[PDB]
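Take a look at the structure below.
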Amino acid sequence: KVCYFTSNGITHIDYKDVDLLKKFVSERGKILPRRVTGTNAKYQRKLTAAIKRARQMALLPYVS
Amino acid sequence: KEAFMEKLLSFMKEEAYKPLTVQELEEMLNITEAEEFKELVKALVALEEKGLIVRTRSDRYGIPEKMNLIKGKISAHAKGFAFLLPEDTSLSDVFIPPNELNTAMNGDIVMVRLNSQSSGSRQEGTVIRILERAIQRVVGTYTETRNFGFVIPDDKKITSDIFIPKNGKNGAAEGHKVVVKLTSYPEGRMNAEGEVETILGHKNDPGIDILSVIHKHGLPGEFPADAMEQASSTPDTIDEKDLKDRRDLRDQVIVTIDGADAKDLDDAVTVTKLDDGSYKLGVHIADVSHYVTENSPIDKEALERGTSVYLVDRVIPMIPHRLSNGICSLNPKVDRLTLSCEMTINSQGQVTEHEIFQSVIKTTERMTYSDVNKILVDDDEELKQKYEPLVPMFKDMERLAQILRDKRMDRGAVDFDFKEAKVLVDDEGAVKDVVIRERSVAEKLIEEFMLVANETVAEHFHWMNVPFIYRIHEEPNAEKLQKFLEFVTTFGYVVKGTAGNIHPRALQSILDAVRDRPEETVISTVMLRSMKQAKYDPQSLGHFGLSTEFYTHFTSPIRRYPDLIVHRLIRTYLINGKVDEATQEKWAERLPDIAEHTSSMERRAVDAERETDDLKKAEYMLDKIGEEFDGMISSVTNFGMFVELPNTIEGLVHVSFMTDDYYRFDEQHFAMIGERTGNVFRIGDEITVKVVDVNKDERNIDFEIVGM
Amino acid sequence: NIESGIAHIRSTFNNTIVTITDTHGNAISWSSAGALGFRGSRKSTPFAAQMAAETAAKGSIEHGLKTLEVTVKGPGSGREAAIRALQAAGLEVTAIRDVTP
Amino acid sequence: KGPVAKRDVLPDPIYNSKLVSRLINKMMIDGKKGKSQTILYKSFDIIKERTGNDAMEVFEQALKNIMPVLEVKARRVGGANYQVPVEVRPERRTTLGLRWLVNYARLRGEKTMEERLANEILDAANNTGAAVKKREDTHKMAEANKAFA
RNA sequence: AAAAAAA
RNA sequence: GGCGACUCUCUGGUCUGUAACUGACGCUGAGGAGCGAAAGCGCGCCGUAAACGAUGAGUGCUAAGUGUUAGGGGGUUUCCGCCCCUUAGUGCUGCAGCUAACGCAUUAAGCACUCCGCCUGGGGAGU
């Protein structure tokens, strides 16, 4: 149960990197909770924003 | 309307009719218009109302009256009720109340009358007649009353104590585990009577626990005298005459890779990289068909066994230990006879050229699976230096494996990677530790090589068009898979395909998505419970779970009778050239009866192995009553939920320990939901449990929930 | 003659409806558990939803559909059956979407 | 709470059948077991003189035909009023066998009880008369409401 | 509970 | 009091670290001013609210154990890693002490000091 971002040393999540973000959403495309993905709280927020800015820009779906 | 109803009833009254769904009835009647389809549905409703047809709970229509019944096998329970498993597996189970069993026992083929009224969700029924009696022996614990004995059956599905008349005692004392042969069955209120056939010993003596398992399934004991005479007469070294017409390979670099504790080395391998970039793979299997000839003592016994069995403490072999650990064994640095499968394999893992032939080998080194992992994965410099001449081949094996694995998975083979237990005992048979059995790189390498050799042998003989034995795995049950597909849409996994025409790759798509999720273990486990078991047959029907069209077992004839036959058919058809009509008719008669038997001897090995494991897990947990462990809800039922630990030990949380709320089971979600609290325990949640009780005899571990 | 469509399934606790449309939401065909003559508890059941979808789908294949987006409404037991009735009728399911209000 | 043991009757001294004794005790009035011991031994001599068979061959055959297999039991859970088909326990089979045999034998038209009991046994053995009918009657009734249980 | 495959 | 889509513009406060500087420049604070529910009614006005963890504010001192949020240093660490000290906040247990008891317990209701609001039988009466 390790954080992706702490692990790989990633300090900035980018809403344009869709193929990363897709690791953290469900197949429906709901965001996955932090207790499932191992993510740090710190990153979960960042991640949460990114995905939201993605979704606005139709890079991810709101609902698959 | 009435003429259509008659026509449907007459169609269903044909002798060849099996119970069909509405869609199957639509297809069989060639109904193509939407209005004729409405006519069928109204007819099926009207006939079902009249009681002239019956809808089973698997949504299949059958004429009761030809039955008013269903033929099937009893699956008894320990509380006194049962289920009918129909012969037509597409039909649903029929619940049988304890009063309506009418002397039926577990495994009995019966006929059951269908009750018009059901008191619950499932269709009820009464046993009217017993066609075939399954149980003829019963193991148990003997007990001595004043003027008569009884025996308490270890199979708790036998709810009633077996009466022993005083002349049937045969020396059995209080607390002795005993075999008992049935003289009579239960009748009305009278129990089954018997006679003690065998005394095992006392129930507190070490090893009687397992021995009781061995007797419960009816597993083979010691070898017959004529087999042990044949085994004792078999030479311990190869005769020079046997080297005739065998390809000498003694100078090549060949190695066995097995477990550290394995003495029955079936397989030895080699990998040479060719100049074009393709790989040459030699698979060299122990030539058991030479030393165990057709219709010798050992052969008759090895047919009666069907397989070796691998219980916790001991191995019940298929063939004698003198043969299986001596001359057939591909022991290190000694001349051994083999039947080889040598394969040229290109840069996409396709076999371009193959040859199956008789050989003699001399194995360069006996490796282990732990040593081979240390050389490849851990990069261990001491072990490399020790095995310096083999290190280049071990890296050439690794790359070939990967190429064969990448092919397999692209063809759509289902990798069902689950955690299995290995129990560790002492010399007495008492349990030391339950650890995870990890599939490393060295095992998966050997796995892939064996697979391709088994694939290459099968394919060669299918095109030959001679009678042969195949290892088949049919398509899974369409109803069971329909229920599996539903279950995964709850977690959000959306599959492409229907339950009657799934390609294996679609199931692999699920198993890749769930990888490293909490849901994994259970969706994994629930898919499994939609799969059919693999069996042997004489027909090539393909293997679903390897997604191949041609497969047999060739690579272990020490410990599988079907493999030993594959070695005889190879010697018959390829080496000897006996492809005459009389040879073919002989084997074409015999293989359906071997295939059916050996299949049933495998399922009797598995059931028994598992039953020793579950016993020794339970033996493990007796000193852990009170202790708190993290786990994961493996299953949820109307009576509770099962929890798996991180050493794979399973235990129940009974609803009666869920004291914080009145829990209702939701069948669709797979969950226990509280009415008041709104707490929801689901399949796949992580929970902490405490050990409450452990019953070794029953093989029960009871848990209580400390927290989520 | 339109190929792509949406299969609007409403599964209530009483009933399963299935409308099949074009992409601009014009109604190709429909069916329902009640249209097939089921009544009461039967209309709720996933079997009735299955059969509803087939009747809706076989109406659509006459107009010449091939691919279906699915939109599900309501808490009923049909949606999982009724979707696999669309796959089994023949029509491929691109994506489903729960649009419960 | 725990099924009381039924009283262990002696075997009938001349037919060595605890069934035949149980008949005597069923026939006995006002503790006059003598009257009933006489009546049966008179009735079984009548059966043996007519048929030629042993009275035991006939009497056991008579009981087979009177003895019920399924019975109606009133169940009123909520509404219900369900006449639950209940299987007659083997002791209650003989009970109802001997009860009906005696009850209908007493109702017959023949002058003496020894003849009345003989004729009811002979009719029961031929799968006819009133006591066999009574078993049929409750089975017809149990078959009629068989959809409960 | 419940699959391959290995042993 | 509250404040949960995302983006952008403008703006407030907080914490950590080092001390470059300042050199007691602080604290509390009646009144007053501003903010401030459904409010209640014509956005304005209303101006009170269990607007009560029922616990003024500021500062210092006084066993522990454990969790989390944002940090700081060291340790090896490739990094991650885990390990440890330390800071601010937020939690659960638990001393000493305090309480009528319930409890509180370095987020004190403990031990001290400064300043403010407030209480003094119930009802009558928030008349």
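Residue numbers (PDB author numbering), protein chains in the order written: chain U, 14 to 77; chain C, 3 to 710; chain V, 17 to 117; chain K, 4 to 152. Positions of the beta carbon are idealized from the N, C-alpha and C atoms, including for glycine.
Per-residue contacts from residue i into chain C (C-beta, under 9 Å)
{"i": "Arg41 (chain U)", "result": "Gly494 and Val496"}
{"i": "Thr71 (chain V)", "result": "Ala36, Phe39 and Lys40"}
{"i": "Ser93 (chain V)", "result": "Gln670"}
{"i": "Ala104 (chain V)", "result": "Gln25, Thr500, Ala501, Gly502 and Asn503"}
Where residue i meets chain U, residues with beta-carbon distance less than 7 Å
{"i": "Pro520 (chain C)", "result": "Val49"}
{"i": "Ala597 (chain C)", "result": "Simply none; closest approach about 42 Å."}
Amino acids of chain U, ordered along the chain, whose beta-carbon sits closer than 8 Å to that of residue i
{"i": "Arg113 (chain V)", "result": "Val76 and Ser77"}
First and last residue of the uninterrupted alpha helix (DSSP H) at residue i
{"i": "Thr258 (chain C)", "result": "Element bounds for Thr258 (chain C): not the alpha helix (DSSP H) but the beta strand (DSSP E), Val257 to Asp260."}
{"i": "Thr614 (chain C)", "result": "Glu583 to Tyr622"}
{"i": "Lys364 (chain C)", "result": "Counting along the chain, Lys364 (chain C) falls outside any alpha helix (DSSP H), though it belongs to the beta strand (DSSP E) covering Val353 to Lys364."}
{"i": "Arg95 (chain V)", "result": "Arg95 to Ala105"}
{"i": "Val15 (chain U)", "result": "Looking at the DSSP string, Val15 (chain U) is not in any alpha helix (DSSP H), and its letter there is neither H nor E."}
{"i": "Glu26 (chain C)", "result": "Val24 to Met30"}
{"i": "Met67 (chain V)", "result": "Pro62 to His79"}
{"i": "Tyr44 (chain K)", "result": "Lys36 to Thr54"}
{"i": "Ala233 (chain C)", "result": "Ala227 to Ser235"}
{"i": "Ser20 (chain V)", "result": "Looking at the DSSP string, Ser20 (chain V) is not in any alpha helix (DSSP H); the run it does join, the beta strand (DSSP E), is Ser20 to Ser27."}
Within 8 Å, strictly: CB atoms of residue i and residue j
{"i": "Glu646 (chain C)", "j": "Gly628 (chain C)", "result": "no"}
{"i": "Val61 (chain K)", "j": "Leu125 (chain K)", "result": "yes"}
{"i": "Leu43 (chain K)", "j": "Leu120 (chain K)", "result": "yes"}
{"i": "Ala68 (chain V)", "j": "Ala98 (chain V)", "result": "yes"}
{"i": "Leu617 (chain C)", "j": "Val215 (chain C)", "result": "yes"}
{"i": "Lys168 (chain C)", "j": "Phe150 (chain C)", "result": "yes"}
{"i": "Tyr28 (chain U)", "j": "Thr52 (chain U)", "result": "no"}
{"i": "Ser46 (chain K)", "j": "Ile27 (chain K)", "result": "no"}
{"i": "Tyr563 (chain C)", "j": "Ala304 (chain C)", "result": "yes"}
{"i": "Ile685 (chain C)", "j": "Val638 (chain C)", "result": "yes"}
{"i": "residue 777 (chain C)", "j": "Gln125 (chain C)", "result": "What the structure shows of chain C is the stretch from 3 to 710, and residue 777 (chain C) is not part of that stretch, so it cannot be assessed."}
{"i": "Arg368 (chain C)", "j": "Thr258 (chain C)", "result": "yes"}
{"i": "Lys75 (chain C)", "j": "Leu87 (chain C)", "result": "yes"}
{"i": "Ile137 (chain C)", "j": "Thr145 (chain C)", "result": "no"}
{"i": "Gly308 (chain C)", "j": "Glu604 (chain C)", "result": "yes"}
{"i": "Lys534 (chain C)", "j": "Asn479 (chain C)", "result": "yes"}
{"i": "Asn456 (chain C)", "j": "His555 (chain C)", "result": "yes"}
{"i": "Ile77 (chain V)", "j": "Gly106 (chain V)", "result": "yes"}
Under 7 Å from the C-beta of residue i: neighbouring residues of chain C
{"i": "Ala150 (chain K)", "result": "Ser118 and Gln119"}
Where residue i meets chain U, residues with beta-carbon distance less than 9 Å
{"i": "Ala515 (chain C)", "result": "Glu40"}
Where the beta strand (DSSP E) containing residue i begins and where it ends
{"i": "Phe667 (chain C)", "result": "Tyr665 to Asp668"}
{"i": "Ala423 (chain C)", "result": "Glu422 to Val427"}
{"i": "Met634 (chain C)", "result": "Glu630 to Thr639"}
{"i": "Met674 (chain C)", "result": "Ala673 to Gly676"}
{"i": "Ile703 (chain C)", "result": "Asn702 to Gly709"}
Neighbour list for residue i in chain C, Cβ cutoff strictly below 8 Å
{"i": "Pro93 (chain K)", "result": "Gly190 and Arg191"}
{"i": "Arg100 (chain V)", "result": "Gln484, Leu487, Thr500 and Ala501"}
Chain-ordered neighbours of residue i on chain V, where CB pairs are closer than 8 Å
{"i": "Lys44 (chain C)", "result": "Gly53"}
{"i": "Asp61 (chain C)", "result": "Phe63"}
Please list, in chain order, the residues of the region 479-490 of chain C that have any C-beta partner in chain V closer than 8 Å.
So the close ones are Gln484, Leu487 and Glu488.
Counting pairs of Cβ atoms below 8 Å between the region 361-377 of chain C and the region 251-259 of chain C, do you hit three or more?
Pairwise C-beta distances place the region 361-377 of chain C in contact with the region 251-259 of chain C, as three or more of them are shorter than 8 Å.
Would the region 513-529 of chain C count as touching the region 383-390 of chain C if we require 3 or more Cβ pairs under 8 Å?
Contact fails: fewer than three Cβ-Cβ distances are below 8 Å.
Say whether the region 280-299 of chain C touches the region 321-334 of chain C, bearing in mind that this needs 3 or more beta-carbon pairs closer than 8 Å, one atom from each stretch.
The way I'd put it, the region 280-299 of chain C does touch the region 321-334 of chain C; three or more beta-carbon pairs between them come closer than 8 Å.
Is the region 106-120 of chain K touching the region 79-95 of chain K, taking contact as three or more C-beta pairs under 8 Å?
Too few Cβ pairs lie closer than 8 Å, so no.
Inter-stretch contact (C-beta, 8 Å, three-pair minimum) for the region 436-443 of chain C and the region 539-554 of chain C
Too few Cβ pairs lie closer than 8 Å, so no.
Short-range partners of chain C found in the region 52-67 of chain V, where Cβ spacing is below 8 Å:
Hits within the stretch, in order: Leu52, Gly53, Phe63 and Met67.
Touching or not, the region 573-589 of chain C and the region 491-509 of chain C, by the rule of three or more beta carbon pairs under 8 Å?
Taking 8 Å as the limit for Cβ pairs, the verdict is that the region 491-509 of chain C does not touch the region 573-589 of chain C.
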